[PDB]
Amino acid sequence: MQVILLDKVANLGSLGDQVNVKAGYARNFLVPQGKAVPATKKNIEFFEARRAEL
RNA sequence: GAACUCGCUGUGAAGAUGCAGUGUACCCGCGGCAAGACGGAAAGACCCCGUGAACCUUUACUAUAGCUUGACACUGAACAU
């Protein structure tokens, strides 16, 4: 779903963009194995500050 | 059910110990034999009814467990023909 990436994962990733992917690829691979974070409307404002400040 | 509980012919819910006619018979036991009293025993089991019941059977009706087909969800990413 609306998950935001953090890693060099293959061609849907650009070090973090909101994509439209299925929920099966969301959980257990992106929801924690690393490499991403769920977007439960709290991380879309927290990691947005990580984009601007860094 | 009660009886002081005879046989005939005929009558009769159509096979009479009780009716009618008639015949016969002292009163009362006991030992016997089963002919009858449509004997006793079982609201006939056979048969037919009841818009009875019960099971069982099937290409009766309508359901359903299970089996089976497909879709969605659990369930993904890359691709290619």
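Residues numbered from 1 in each chain as written, not as in the entry; some residues may be left out. Chains lettered and ligands numbered in written order. Part of a larger assembly, values for the part shown. Heavy atoms only, no water.

Structure determination for this entry is recorded as cryo-EM, at 3.8 Å resolution.

**Things to note about the overall build of chain A**
A tally of helices and strands in chain A yields two helices and two strands. Listing the helices and strands of chain A from first to last along the sequence gives β-α-β-α. The C-alpha radius of gyration computed for chain A amounts to 11 Å, which stays within 12% of the reference 10 Å derived for 54 residues, consistent with globular compactness. Oriented by its inertia axes, the alpha-carbon framework of chain A measures out at about 30 × 20 × 20 Å. Within chain A, buried positions represent 22% of all 54 residues. At a minimum sequence separation of 6, the contacts of chain A that also span at least 24 residues come to 45%. Accessible surface computed for chain A: about 4200 Å², of which carbon and sulfur atoms make up 54%. (Helix = DSSP H or I, 4+ residues; strand = E, 2+ residues; numbered from the N terminus. Rg over C-alpha atoms; globule rule 2.2 N^0.38 Å. Buried < 20%, exposed > 50% of the residue type's maximum accessible area, 1.4 Å probe, protein only. Contact = heavy atoms within 4.5 Å. Areas by Shrake-Rupley, 256 points an atom, 1.4 Å probe, with all protein chains shown as cover.)

**Digging into the nonpolar core**
Residues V3, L5, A26, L30 and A36 constitute the largest nonpolar core, which totals five residues. Not counting residues within four places of it along the chain, the set of residues in contact with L5 comprises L12, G13, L15, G16, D17, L30, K35 and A36. (Core = buried A, V, L, I, M, F, W, Y, C linked by side-chain atoms within 4.5 Å.)

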